[PDB]
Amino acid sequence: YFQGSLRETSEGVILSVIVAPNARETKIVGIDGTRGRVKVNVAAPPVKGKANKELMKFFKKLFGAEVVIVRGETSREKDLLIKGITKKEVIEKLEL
């Protein structure tokens, strides 16, 4: 379940991810059940903010909403705020 990686605040949904850069394709590859994070491969090098940019691009396209990194800019563990979306909407899109 993706519910272990999401929570809904007044501003939108905080999606908790753990990234691996340099991947063949930017995509969701799993769920980390202990850390409560979605495992996301990112097809970008981890230099000059490029993995962060690609990560945000991917989720902005998926959710149709602005996505910002609220924590973990320089970590593999990142929390993304998906602005103005509900948890129900986020679950629907992640399950596509």
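All residue numbers are counted from 1 along the displayed sequence.
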query	finding
Higher-B stretch (mean Cα B-factor, as the entry records it), 67 to 75 or 43 to 51	43 to 51
Of 8 to 16 and 84 to 92, the one with larger mean CA B-factor	84 to 92
Third of the chain's Cα B-factor distribution that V29 belongs to, per the entry	middle
Chain third (lowest, middle, highest) by recorded CA B-factor, residue given as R35	highest
